[PDB]
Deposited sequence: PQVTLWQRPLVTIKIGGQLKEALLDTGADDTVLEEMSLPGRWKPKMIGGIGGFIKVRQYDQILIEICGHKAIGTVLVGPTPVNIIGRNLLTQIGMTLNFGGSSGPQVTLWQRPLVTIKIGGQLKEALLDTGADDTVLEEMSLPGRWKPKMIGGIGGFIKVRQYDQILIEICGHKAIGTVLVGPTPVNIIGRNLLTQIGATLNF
């Protein structure tokens, strides 16, 4: 299946005998699921995201059926606001990003030019919005708060911002704030015709 990003890329998964919905998230290294019942041993672990950090339980060798496709790997269980299927499992179902074709064995980083500056950013299908590290942008902005896996952060919202993503031009909203990594979200990914394929 190929999938566009005009809507969040949700898939049905089966894990631990239970059926759940999860977001295919190219910006996540790991798979993180809402608190749920899984059998077996686990190790305490700490992961980060926008907002800060959360403690999770790490289960290994977990079988998961993602949109019918089987994969086995590490699954983290904790207080995430949404169930996320990260690259550790996306590579097993042969997921690719298309806009060039991009595989997910490494983080999908691209070079962007915005506000006259060159930066690197992560193509993130799990992000509704585009969020960049503090930087100098011209013009008016509006205060806004956004959430992520570890809580929330305050950002500055700039609209009608031109960005060149891997050579492709797009114009849209860009949030600027304390994100640990520059993220290109669906609002811009749709403009460069990015598709998720597996």
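- Going by the record, the unmodelled stretch of the deposited sequence is 100 to 104, and nothing else is missing.
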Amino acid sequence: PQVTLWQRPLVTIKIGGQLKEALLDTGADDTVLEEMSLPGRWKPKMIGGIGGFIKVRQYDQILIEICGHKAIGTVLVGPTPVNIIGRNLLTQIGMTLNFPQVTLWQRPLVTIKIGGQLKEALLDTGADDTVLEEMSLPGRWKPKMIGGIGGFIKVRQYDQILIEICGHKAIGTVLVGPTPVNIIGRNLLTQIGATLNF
From here on, numbers count along this sequence of modelled residues.
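- Averaged over their C-alpha atoms, the temperature factors of 4 to 12 and 188 to 196 are higher for 188 to 196.
- Annotation for 81 to 89 versus 120 to 128: the higher mean temperature factor (C-alpha) is found in 81 to 89.
- Looking at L38, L33, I64, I161, the one whose CA carries the top B-factor in the deposited record is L38.
- Among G115, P100, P108, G73, the highest C-alpha B-factor in the deposited entry belongs to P100.
- Per the deposited record, the Cα B-factor of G172 falls in the middle third when ranked against the other modelled residues of its chain.
- For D60, the recorded CA temperature factor ranks within the highest third of the chain's modelled residues.
- In this PDB entry, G27 carries a Cα temperature factor that places it within the lowest third of its chain's modelled residues.
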